[PDB]
Amino acid sequence: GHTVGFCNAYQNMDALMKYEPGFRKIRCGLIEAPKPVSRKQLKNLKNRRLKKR
Amino acid sequence: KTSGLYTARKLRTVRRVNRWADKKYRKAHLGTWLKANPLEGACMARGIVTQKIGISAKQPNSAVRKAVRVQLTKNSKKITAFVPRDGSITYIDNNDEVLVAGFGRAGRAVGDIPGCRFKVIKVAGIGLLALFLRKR
Amino acid sequence: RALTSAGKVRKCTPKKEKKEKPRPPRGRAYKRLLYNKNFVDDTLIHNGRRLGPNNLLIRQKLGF
Amino acid sequence: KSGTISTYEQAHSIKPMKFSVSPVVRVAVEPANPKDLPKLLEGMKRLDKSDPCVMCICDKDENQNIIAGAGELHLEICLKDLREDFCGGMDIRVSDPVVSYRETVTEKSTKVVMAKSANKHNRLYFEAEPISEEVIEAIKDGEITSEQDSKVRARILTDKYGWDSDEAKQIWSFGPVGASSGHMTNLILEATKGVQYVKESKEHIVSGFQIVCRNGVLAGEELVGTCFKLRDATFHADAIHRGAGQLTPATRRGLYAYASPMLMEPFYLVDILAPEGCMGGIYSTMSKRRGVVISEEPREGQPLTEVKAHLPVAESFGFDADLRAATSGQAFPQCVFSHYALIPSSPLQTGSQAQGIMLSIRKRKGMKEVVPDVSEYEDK
Amino acid sequence: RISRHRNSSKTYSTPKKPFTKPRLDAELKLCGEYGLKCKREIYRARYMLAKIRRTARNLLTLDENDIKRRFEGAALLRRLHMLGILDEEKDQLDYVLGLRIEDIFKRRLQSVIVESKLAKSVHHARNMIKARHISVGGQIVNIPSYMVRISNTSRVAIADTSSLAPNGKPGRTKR
RNA sequence: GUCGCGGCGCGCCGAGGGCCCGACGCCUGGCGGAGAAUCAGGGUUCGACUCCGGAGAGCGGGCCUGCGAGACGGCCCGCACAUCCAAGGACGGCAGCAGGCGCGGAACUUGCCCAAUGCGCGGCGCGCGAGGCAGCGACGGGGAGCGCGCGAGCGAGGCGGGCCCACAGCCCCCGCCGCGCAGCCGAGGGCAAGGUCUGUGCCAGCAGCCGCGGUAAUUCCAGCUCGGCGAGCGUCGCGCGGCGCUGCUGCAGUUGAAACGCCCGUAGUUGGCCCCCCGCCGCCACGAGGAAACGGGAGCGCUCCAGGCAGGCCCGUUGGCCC
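Residue numbers (the deposited numbering), protein chains in the order written: chain Sb, 67 to 119; chain SO, 3 to 138; chain Sj, 1 to 2, 6 to 67; chain a, 515 to 771, 775 to 897; chain SK, 2 to 176.
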């Protein structure tokens with residue numbers, strides 16, 4: 067039963083949106099998980115971009 | 003012995019010159035052994051067996067100890083290595099890769115095998131011990 | 001009157020299937036059983052006096 | 515070469531069957547540099563991965579690496595590959611593989627032969643007897659094996675093979691290194707009590723047999739189908755004068771290997790199958806290569822008719838192309854392997870094929886030339 | 002990697018001579034008495050005692066009340082007294098010498114549960130701790146060699162969920 | 001000339017300068033230190049790599065931009081080896097992280113991601129193969145198993161949920177069923193444990209070493225028991241200890257290995273007694289001042305532990321102090 071954990075009690079709603087780390091906000095479901103890119107897809111696109119503009 | 007407060011240099015020089023007198027230090031630190039050893043500082047080495055030969059036992063034991071003439075790939079130096087265990091020469095065939103490792107006497111020869119400085123450990127990439135126990 | 008004969012003995016040795024053996028107790032249980040072989044019981048290792056673990060006299064009191 | 519992969523754990527394998535002949539055309543690759551012998555074997559493995567119709571094997575008898583190809587052009591195509599693409603260049607010499615041979619005694623020996631030892635204190639009298647094929651077939655089958663109680667094989671030999679019952683019981687050992695064809699037998703036994711030293715001397719007559727049976731008197735090839743009979747012997751009382759050094763050489767002169778030759782013969786053969794629709798090339802090629810076609814079975818369901826021809830291994834080189842040309846690439850020599858057969862000519866005669874083939878063997882192995890006489894190593 | 006930064010160390014010392022039978026027999030007694038699975042557990046406690054006694058040897062040579070003697074003597078005697086390896090009556094650097102593998106083994110918790118009658122035998126006690134049925138301050142311990150302390154001796158007890166009016170079903174009863 | 005100093009360069013003018021306290025030459029499978037291994041003491045050996053300082057980006061040169069680079073994920077040239085060609089041209093630089101090849105006895109994934117930790121740019125967040133996270137991993141180190149007890153039970157699993165996580169997963173916590181399982185070397189001596197039974201007969205083999213086997217084998221090959229260590233054990237190579245077999249401590253030289261055949265002799269090393277009072281020494285004591293890691297060590301129950309600096313309503317709560 068014994069558990070150890072930490073609580074961030076934001077005085078107002080905005081401070082949970084701003085001061086808190088973003089992953090913790092999606093982990094409470096406040097935002098909807100987006101599909102970003104594959105990182106390799108970002109880097110390979112940046113490398114094709116670097117050859118042109 | 004030299005006994006002066008200012009005789010440190012002489013004492014250091016004597017140790018440096020006298021240290022090489024012990025045979026084991028000369029084998030270890032001269033560097034002649036590192037060039038000569040068919041296994042150059044390696045625990046063991048791979049080779050191809052040109053000839054399967056048996057070396058007659060030195061006295062007083064009488065036996066045809068079974069050996070292989072192997073050409074080590076790293077130095078292209080042909081060597082003789084004992085194939086250990088009973089009737090295990092059968093697994094070795096000429097033109098077959100083998101791994102040869104020392105006899106535990108640091109380049110010396112053990113017991114009645116005359117001039118044998120190493121033992122085969124693995125033939126065709128399979129350990130000799132495993133084959134004799136029929137593990138593989 | 002005494006190279007081709009590799010395995011003169013190993014090839015010609017009678018094959019004996021190993022005796023059925025009940026699985027021994029492993030771990031501290033083996034340490035307990037070794038403690039029970041000599042330090043406790045004492046009757047197994049005794050011919051009336053302290054004796055070797057594989058004595059022929061100890062055998063036959065242990066069966067084999 | 516080929517493999518099967520399954521994500522399913524419990525799935526069976528798939529296998530192929532290349533109709534195009536087999537690795538029939540064989541050649542021995544040998545490096546110019548002995549220190550280039552490790553990189554040859556390495557690039558042969560890689561060349562084996564390339565095509566199933568090529569292989570890379572060592573002949574078991576002479577430890578000679580052999581690359582066998584399915585066509586004369588395909589062996590060259592794989593020799594060019596092995597020469598440069600594999601082994602990255604390097605020097606390698608193709609040659610025909612050496613054909614292995616066996617020696618056999620053909621008839622009972624003319625007379626018992628004495629073998630005085632170096633001490634001159636011990637004498638050995640021997641007779642050479644060819645084993646009957648039916649006994650040899652049972653040796654191969656295992657009805658009579660070295661690894662048996664002495665008496666059980668004796669009953670078999672006397673009760674089926676018409677052997678002398680006492681001789682069958684006294685058989686000392688089988689030959690060569692293994693217990694194949696080749697037997698050593700003891701004396702009459704009335705004089706065994708009278709010989710008095712054979713029991714201690716048995717390990718010398720056994721070790722001499724293990725040598726002679728490995729190397730025949732004619733050309734150093736393995737002896738086969740022979741029974742060596744110590745019809746008689748006289749030995750010194752002391753064991754100082756009776757030892758391996760004294761009696762094992764005396765035994766080898768007395769047994770056979775130039776020392777005891779009486780009737781001798783060399784051996785070799787192989788078997789070829791040809792699916793072929795046209796048998797005209799089949800007969801002409803076999804007749805030239807000295808082979809004989811012993812079979813001709815039409816496949817009942819197909820135009821092609823399969824034949825089987827016993828072909829000498831020595832004359833097999835060249836026949837594959839000859840058969841393609843004798844036919845027109847319609848005939849496919851398939852698998853080639855089999856037993857050994859008696860050479861018709863005798864190694865004793867001069868103009869005989871045998872004495873030519875026999876002298877070539879000791880010239881190849883560098884032993885010596887022309888067997889001169891039993892007198893060279895026989896004591897009268 | 003800061004993983005490289007993490008220190009690791011061997012915790013035991015092996016015997017100088019492997020086959021000294023008097024010692025091998027004496028060790029077998031300790032293993033059977035204390036239910037120790039392997040000789041390594043016997044060597045780990047020998048190492049712990051060696052260091053502890055090596056430190057008190059060094060300390061004793063230092064002159065009495067030598068500042069470092071006062072500072073390091075306390076942290077030795079007082080940490081041993083808490084562990085309970087030393088009975089609290091002695092309380093002087095002279096008597097750390099005279100400790101034995103049994104003193105360390107006495108506080109293992111395999112022994113502590115046998116001592117207070119909770120476990121009939123050391124062999125049973127090891128089996129009990131590995132099934133999460135023993136507790137110290139209501140801590141479900143899976144470690145037979147817990148090395149329990151003097152104050153935490155009273156707290157050692159059967160676990161809340163194992164035998165005293167608990168679920169008492171999973172395992173044999175559930176069938 | 002340079003940022004400056006200086007033969008740093010150049011004239012000029014001398015003839016110095018260094019050395020048996022080993023100069024110079026040669027060689028290295030030479031990066032150095034903090035340290036690592038072993039370990040009474042005095043030591044020996046290794047200093048790839050984790051931090052610090054050096055050096056280098058196929059091999060030489062030369063530069064530009066710069067506050068700083070003689071920069072190579074800049075440029076130019078020669079060299080060495082390449083690449084694409086439409087035949088005229090162009091264009092390389094994994095001693096970054098993956099991955100291949102070659103080599104060797106040997107050494108991981110062609111993952112996922114900036115969420116931490118720092119750095120760059122931006123004040124309201126992007127980038128980073130720095131890193132973090134998994135995967136592989138008997139280098140190793142740690143902690144538990146293979147039963148207990150006559151009755152109960154587990155954990156290894158399996159499956160959902162939490163929790164965790166950048167996202168998974170892992171641990172852990174839950175309910176719910178529940179599947180415990182040993183190897184590797186040995187039994188003549190050193191060195192612990194068969195005078196058991198077969199096979200074999202100086203064969204095969206064993207055996208570091210001494211030695212075993214030539215027909216009643218304590219040594220081989222099996223079975224049988226039994227030992228030792230144990231999820232590891234055996235083997236091979238190396239370093240240390242052993243070893244006072246390198247000897248400063250602390251070796252030996254009549255005969256075991258070893259006093260030069262003798263005498264003079266320079267450096268070198270070593271010097272009788274002698275002045276109480278200081279000047280310079282060396283010497284010794286204690287100072288400052290000097291990176292951490294590590295090692296030693298204070299406190300602290302990560303379930304114990306290898307650890308980690310945590311933690312608890314708290315010395316200015318800690319994180320001292322020693323090297």
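Using N, Cα and C, we set each Cβ at its ideal position, and we do this for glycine too.
Which first and last residues belong to the beta strand (DSSP E) in which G708/a is found?
In the DSSP assignment, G708/a falls outside any beta strand (DSSP E) and within the unbroken alpha helix (DSSP H) covering 704-709.
Do the region 826-837 of chain a and the region 801-809 of chain a make contact, defined as three or more Cβ pairs closer than 8 Å?
Contact between the region 826-837 of chain a and the region 801-809 of chain a is present, because at least three Cβ pairs lie under 8 Å.
Report buried or exposed for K594/a, applying the criterion of at least 16 other Cβ atoms within 10 angstroms of its Cβ.
Classified as exposed, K594/a has fewer than 16 neighbouring CB atoms from the shown chains inside 10 Å of its CB.
Have a look at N700/a and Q684/a and give me their C-alpha separation to the nearest angstrom.
About 5 Å.
Would DSSP call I658/a helix, strand or coil?
Shown here, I658/a sits in coil according to DSSP, grouped into three states, outside any helix or strand.
Let me check one thing: in DSSP terms, what residues is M628/a bridge-paired to?
Paired residues: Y639/a, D896/a.
Range covered by the beta strand (DSSP E) that runs through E814/a
For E814/a, the enclosing beta strand (DSSP E) stretches over residues 809-815.
Residue ranges of each beta strand (DSSP E) within the region 22-69 of chain SO, 3 or longer
Counting whole runs of 3 or more residues, the region 22-69 of chain SO contains the beta strand (DSSP E) stretches 46-58.
Three-way DSSP call (helix, strand, coil) for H6/SK in this model:
When secondary structure is reduced to three states using DSSP, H6/SK falls in the coil class, being assigned neither helix nor strand.
To which residues does DSSP link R53/Sj through a beta bridge?
Answer by DSSP bridge pairing, in chain order: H49/Sj.
Taking DSSP's pairing of strands, which residues face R607/a in a bridge?
BP columns for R607/a point to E544/a.
I'd like the span of the beta strand (DSSP E) that includes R616/a, first residue to last.
616-618 is the extent of the beta strand (DSSP E) around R616/a.
Who does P644/a pair with in a DSSP beta bridge?
Partner(s): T740/a.
Count the other C-beta atoms from every protein chain shown that fall within 10 angstroms of the C-beta of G722/a, then say buried if there are 16 or more, exposed otherwise.
Counting Cβ neighbours within 10 Å, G722/a comes out buried, since at least 16 surround it.
Does chain Sj have any CB closer than 9 Å to the CB of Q724/a?
Yes, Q724/a counts as interfacial toward chain Sj.
Quick one, which residues of the region 83-117 of chain SO are near chain a if we go by CB-CB under 7 Å, in chain order?
So the close ones are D95, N96, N97.
Hey, is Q73/SO's beta-carbon within less than 9 Å of any beta-carbon in chain a?
True, the Cβ-Cβ gap to chain a drops below 9 Å.
Are the Cβ atoms of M46/SO and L130/SO separated by less than 9 Å?
Note that the C-beta distance between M46/SO and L130/SO is not below 9 Å.
Interface residues of chain SO facing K14/Sj [CB-CB closer than 8 Å]
Within 8 Å of the CB of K14/Sj, the CB atoms of chain SO belong to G89, in sequence order along the chain.
For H697/a, write down the residues that DSSP places opposite it in a beta bridge.
Looking at the DSSP output, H697/a sits in a beta bridge with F688/a, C741/a.
By the criterion of Cβ-Cβ separation under 9 Å, what are the contact partners of residue 1/SK in chain Sj?
Past the edges of chain SK, shown from 2 to 176, lies residue 1/SK, and the structure says nothing about it.
Taking Cβ-Cβ distances shorter than 7 Å, what residues in chain SK pair up with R62/Sj?
Counting only Cβ-Cβ distances below 7 Å, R62/Sj has no contacts in chain SK at all, with the closest Cβ about 21 Å away.
How would you call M531/a, buried or exposed, if buried means at least 16 neighbouring beta carbons within 10 angstroms?
The residue in question, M531/a, is exposed, as its Cβ has fewer than 16 Cβ neighbours within 10 Å.
Under a CB-based cut-off of 9 Å, is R31/Sj close to chain SK?
Yes, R31/Sj lies at the interface with chain SK (some Cβ there is under 9 Å from its Cβ).
If we ignore side chains and look at the alpha-carbon of each, how far apart do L81/SK and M49/SK end up?
Rounded to whole angstroms, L81/SK to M49/SK spans 11 Å at the Cα level.
Check the C-beta distance from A126/SK over to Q111/SK and give it rounded, since I have them as a contact under 8 Å.
The beta-carbon separation of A126/SK and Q111/SK, rounded to 5 Å, stays under the 8 Å limit for a contact.
Contact the region 546-557 of chain a vs the region 598-612 of chain a: 3+ CB pairs below 8 Å:
With a cut-off of 8 Å, the region 598-612 of chain a and the region 546-557 of chain a count as touching, because enough Cβ pairs lie within range.
Would you mind reading off the limits of the alpha helix (DSSP H) that contains residue 772/a?
Between 771 and 775 the numbering of chain a has a gap, and residue 772/a falls inside it, with no coordinates.
Please return the same chain residues whose Cβ sits closer than 6 Å to the Cβ of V738/a, not counting the five positions on each side in sequence.
Excluding residues within five positions, the ones whose Cβ falls inside 6 Å are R616, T618, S695.
How big is the Cα-Cα spacing for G85/SK and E116/SK?
Between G85/SK and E116/SK, the C-alpha separation is close to 14 Å.
Can you look up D64/SK in the DSSP assignment and give me helix, strand or coil?
Three-state DSSP puts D64/SK in coil, outside helix and strand.
Taking all protein chains shown into account, do 16 or more other C-beta atoms lie within 10 angstroms of the C-beta of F20/SK, making it buried, or fewer, making it exposed?
So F20/SK ends up on the exposed side.
Does the Cβ of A30/SO have 16 or more other Cβ atoms within 10 Å, making it buried, or fewer, making it exposed?
So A30/SO ends up on the exposed side.
May I ask which residues mark the beginning and end of the beta strand (DSSP E) holding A99/Sb?
For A99/Sb, no beta strand (DSSP E) segment is defined, and its DSSP state is neither H nor E.
Please look up how many angstroms separate the CB atoms of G74/SK and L60/SK, rounded, as I've assumed it's under 8 Å.
In this structure, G74/SK and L60/SK form a Cβ contact; the two beta carbons are roughly 6 Å apart against a cut-off of 8 Å.
Tell me the start and end of each unbroken beta strand (DSSP E) in the region 70-113 of chain SO that is at least 3 residues and wholly inside, in chain order.
You should have 79-84, 99-104.
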